[PDB]
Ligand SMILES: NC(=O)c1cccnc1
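As a starting point, one isolated chain is supplied in structure tokens, in the form deposited without this ligand.
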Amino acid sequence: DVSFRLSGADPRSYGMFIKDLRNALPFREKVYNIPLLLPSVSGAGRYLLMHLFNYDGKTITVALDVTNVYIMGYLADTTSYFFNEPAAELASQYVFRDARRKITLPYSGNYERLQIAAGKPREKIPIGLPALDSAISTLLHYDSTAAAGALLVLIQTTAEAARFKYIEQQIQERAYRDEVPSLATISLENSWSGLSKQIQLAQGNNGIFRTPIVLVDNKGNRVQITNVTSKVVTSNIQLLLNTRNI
């Protein structure tokens, strides 16, 4: 497992947890120097367990699919909560097996669904480390509408930051203060599958992508990523979703 404690959390222990997360995820190869997530993993080995501790010392256990970095569910005391989706239900045969009770949230785990549930687009919701603390806190007692808003923070602060160095940097900047995500952060989160796929297709095409990716990179600029020499590729993107899962 991987852990993180908000009490005494600075941009540094956060960098250490994010490094630790990416490192817990299996891969056999590197594509242009970026780890390539497995196509599949069978059994319980398919799920990573993340322990998050709020400022006060309370925790939740977050279940993660090692294949795509999608959050499956979480445990808060003796209750497990899972998204209403097949992968999460199958995830439930392998983890939080001793929870006294299991609740299925009234929504699946994609941004679109979580945003309808919360009543706000993630562009209008602040993230940072304080926001992570609040989210842990709120997932500790059930409220489906509020949980949706806390899942939107948690997902960006763990999964999205492990996928992109730019996003992990954004969070370290919001370590003592929250702030809505930039235009650029949203764009990256949304093109990960797109980009993951174009990097894979570029092998054998001289690093040239078959279909250009439109991104917004810092300062609000509307850019097109055409090949592997681009900065998003060489520096940013830290994990690639296998094309067999796109």
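Residue indices: 1-based, along the sequence shown.
There is another form of the same protein, the form solved in complex with this ligand; it is not shown, and what comes next is about it.
The partner is absent here, but in the bound PDB entry a heavy atom of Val69, alone among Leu215, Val69, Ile34, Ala202, sits within 4.5 Å of this ligand. Distance criterion of 4.5 Å from any heavy atom to this ligand in the bound PDB entry singles out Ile155 from the list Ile136, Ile155, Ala99, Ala117. No member of the trio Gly149, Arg174 and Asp178 reaches this ligand in the bound PDB entry with any non-hydrogen atom inside 4.5 Å. Of the candidate stretches 124-132, 140-148, 105-113, 166-174, only 105-113 contains residues with a heavy atom within 4.5 Å of this ligand in the bound PDB entry.
This ligand is not drawn, but in the bound PDB entry it has no heavy atom within 4.5 Å of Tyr81. Contact annotation for 204-239: no residue has a non-hydrogen atom within 4.5 angstroms of this ligand in the bound PDB entry.
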